[PDB]
Amino acid sequence: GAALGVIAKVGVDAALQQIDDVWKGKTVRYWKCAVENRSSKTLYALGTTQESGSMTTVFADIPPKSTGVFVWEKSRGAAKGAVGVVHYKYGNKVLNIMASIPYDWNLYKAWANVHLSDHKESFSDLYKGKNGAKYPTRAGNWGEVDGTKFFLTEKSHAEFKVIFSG
């Protein structure tokens, strides 16, 4: 499963562990992600909004009771962060997840956010708390928006965990 981007049965912690065997990477800022689908519907992979860098691994649909796994990396050679929004379809709704790992930790902090709405949300609206999104959650803290729980480690080489239940 890990090589396909999606693992059955396991939750976020176990899924994160399986990433290293199937991903290398050579950038100094990244976030590994696990999206645990405890809902009743498949989360269909819908897109990404690249603020800095990209999703560099396979992007899979997540059936109920599976966990999607992937990595977001800064661009090779950039002194920029790993910063992106990942979108899934949930019925006709859109699940938006965001994590932001800076290059310059002297100037910036690390942040995450989640928002289920009718559309793909911009990075800016997820970082500002606009258009219905909440103010973002600082790394190192459990967040919960509309019953979706999430956590981003405060690391250059981070882990972003999302548990979605509908």
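If you check the header, you'll see the entry was determined by X-ray crystallography and the resolution is listed as 1.4300 Å.

A.B. asks: Where do I start with unusual backbone geometry in this structure?
C.D. replies: What is expected of a backbone is that most residues other than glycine have negative phi and most peptide bonds are trans. Not every positive phi belongs to a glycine, and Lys65 is a case in point at roughly 75°. Within the secondary structure layout, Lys65 lies in the loop between β4 (54-55) and β5 (66-73). The phi angle at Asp146 is positive, at roughly 50°, despite the residue not being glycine. Structurally, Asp146 can be placed in the loop between β10 (143-145) and β11 (148-152).

A.B. asks: What am I meant to see in the side chain of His87 here?
C.D. replies: In this structure, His87 sits in strand β6 (residues 82-90). According to the relative accessible area criterion, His87 is buried, its value standing at 0%. At 2.8 Å, the side chain of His87 and the side chain of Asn96 are in polar contact. Beyond its immediate chain neighbours, meaning those up to four positions away, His87 contacts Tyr44, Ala45, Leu46, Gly47, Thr48, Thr49, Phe59, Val94, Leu95, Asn96, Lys120 and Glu121.

A.B. asks: What is the right way to read the side chain of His115 from this model?
C.D. replies: Following the sequence through the fold, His115 ends up in strand β8 (residues 111-117). Here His115 is in contact with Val94, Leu95, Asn96, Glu121, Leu126, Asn131, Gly132 and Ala133, once residues within four sequence places are set aside.

A.B. asks: For this particular structure, what's the right way to read the sheet that holds strand β7 (residues 93-101)?
C.D. replies: One key point about sheets: their strands pair by backbone hydrogen bonds, in either a parallel or an antiparallel sense. With respect to topology, 5 strands assemble into an open sheet ordered β3-β6-β7-β8-β9, the strand pairing being antiparallel. Edge positions in the sheet fall to β3 (44-52) and β9 (137-138), since each has one partner strand and no second.

A.B. asks: It is not clear to me how the pairing of strand β12 (residues 157-164) should be interpreted in this structure. Could you clarify?
C.D. replies: The side chains of a regular strand alternate between both faces of the sheet. Among the 8 residues in β12, 6 count as buried, and that is most of the element. Note: β11 against β12, 4 bridges, orientation antiparallel. Note on β12: the bridge partner recorded for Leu152 is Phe160. Between the end of β11 and the start of β12, which pair antiparallel, lie 4 residues.

A.B. asks: Help me understand the packing of aromatic side chains in this model?
C.D. replies: Describing an aromatic ring pair means giving the distance of the ring centres and the angle of the ring planes. In total, this model carries 11 aromatic pairs according to the counting rule given. Ring centres of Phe123 and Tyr127 lie 5.9 Å apart, and the angle between their planes is 5°; on these two criteria the pair is classed as stacked. With a gap of 4 residues between them, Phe123 and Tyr127 both fall in helix α2 (residues 123-128), about one helical turn apart. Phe123 gets classed as buried once you look at its relative accessible area, which sits at 13%. Measuring from centroid to centroid gives 5.2 Å for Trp142 and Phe151, while their planes differ by 50°, and the two rings are tilted.

A.B. asks: Help me out: how do you make sense of the nonpolar core in this one?
C.D. replies: In globular proteins that are soluble, nonpolar side chains generally tend to be buried together. Within the largest apolar cluster, 30 residues are counted, with the highest numbers of intra-cluster contacts made by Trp31, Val35, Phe70, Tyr88, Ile97, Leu152 and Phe160. Residue assignment for this core shows that the elements contributing at least two residues are β2 (30-37), β5, β6, β7, β8, β11 and β12. Once you skip the residues sitting within four places of it in the chain, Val35 turns out to touch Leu43, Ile62, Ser66, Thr67, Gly68, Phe70, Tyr88, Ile97 and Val162. Formed by 13 residues, the second largest nonpolar core is a distinct cluster that contains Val10, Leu16, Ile19 and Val71.

A.B. asks: Whenever I open this one, the pattern of salt bridges confuses me. Can you help?
C.D. replies: A side chain of one charge can pair with a side chain of the opposite charge when the charged atoms of the two come close. Taken as a whole and assessed by the stated rule, the structure comprises 3 salt bridges. For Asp20, the salt bridge is made with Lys32, and the minimal N-O distance between the two is 2.5 Å. Placement of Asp20 in the loop between α1 (12-18) and β2 and of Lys32 in strand β2 is noted, with a sequence separation of 12 residues between them. Between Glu36 and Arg38 there is a salt bridge, with the nearest N and O atoms lying 2.6 Å from each other. Its relative accessible area of 10% is what places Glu36 among the buried residues.

Reading the values: the criteria
Residues numbered from 1 in each chain as written, not as in the entry; some residues may be left out. Heavy atoms only, no water. Residues with missing side-chain atoms left out of burial classes, pairs and counts. Helix = DSSP H or I, 4+ residues; strand = E, 2+ residues; numbered from the N terminus. Buried < 20%, exposed > 50% of the residue type's maximum accessible area, 1.4 Å probe, protein only. Polar contact = N/O pair within 3.5 Å; in protein donor to acceptor, adjacent residues only side chain to side chain. Contact = heavy atoms within 4.5 Å. Pairing = 2+ DSSP bridges. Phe/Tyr/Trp six-rings, centres within 6.5 Å; stacked < 30°, edge-to-face > 60°. Core = buried A, V, L, I, M, F, W, Y, C linked by side-chain atoms within 4.5 Å. Salt bridge = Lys/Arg side-chain N within 4 Å of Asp/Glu carboxyl O.

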